[PDB]
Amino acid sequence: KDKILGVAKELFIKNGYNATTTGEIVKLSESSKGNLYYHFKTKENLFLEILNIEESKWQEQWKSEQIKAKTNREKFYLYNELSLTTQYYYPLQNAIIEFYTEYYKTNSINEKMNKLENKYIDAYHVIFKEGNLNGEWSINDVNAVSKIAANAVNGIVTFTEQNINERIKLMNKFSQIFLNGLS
């Protein structure tokens, strides 16, 4: 099972969804097409199980990391920096948008992806709701500002080889510009 997932993960990271064939996963992960079935049934179901795991891993990683930032202003900066460095979730965004746009008509897995989408945004909701409570800023629509922050950041992370220190400088600058736009 774990042999199939990891190879699935990296193949999707490198080549995206469509280009990664079920056979190529079965080829490199030394297992039958019938062994992937029963465990995962279908390639789409395989993909959703990977995203479920990725969100948890990311969520746990952030659960432990946010403790390191006192104020919510710092939690924003820090969260945004981690999204660069992390190995969870953000490296699969290309595949996620590739997968999202095809199967957005099918609601069985659309709903599931909104479920996953809500949690990836909720991190920002808490940060801004908490900032409001502790007088760090004033926001009347935390939901809107959360949606914007997440996707803006996801934009910087996905679209910007590339020097890792330079990406952090750019992200810190974004973080600065955004927070001071609230103030």
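Residue numbers run from 1 along the displayed sequence.
Unmodelled residues of the deposited sequence between residue 160 and residue 161: 1 to 3.
For the pair 85-93 and 108-116, the record assigns the higher mean C-alpha temperature factor to 108-116. Looking at mean Cα B-factors across 136-144 and 31-39, the upper value is held by 31-39. The PDB entry assigns its highest CA temperature factor, among 153, 51, 69, 26, to 26.
Among the modelled residues of the chain, residue 98 sits in the middle third by CA temperature factor in this PDB entry.
In this PDB entry, the Cα temperature factor of residue 182 sits in the middle third of its chain's modelled residues.
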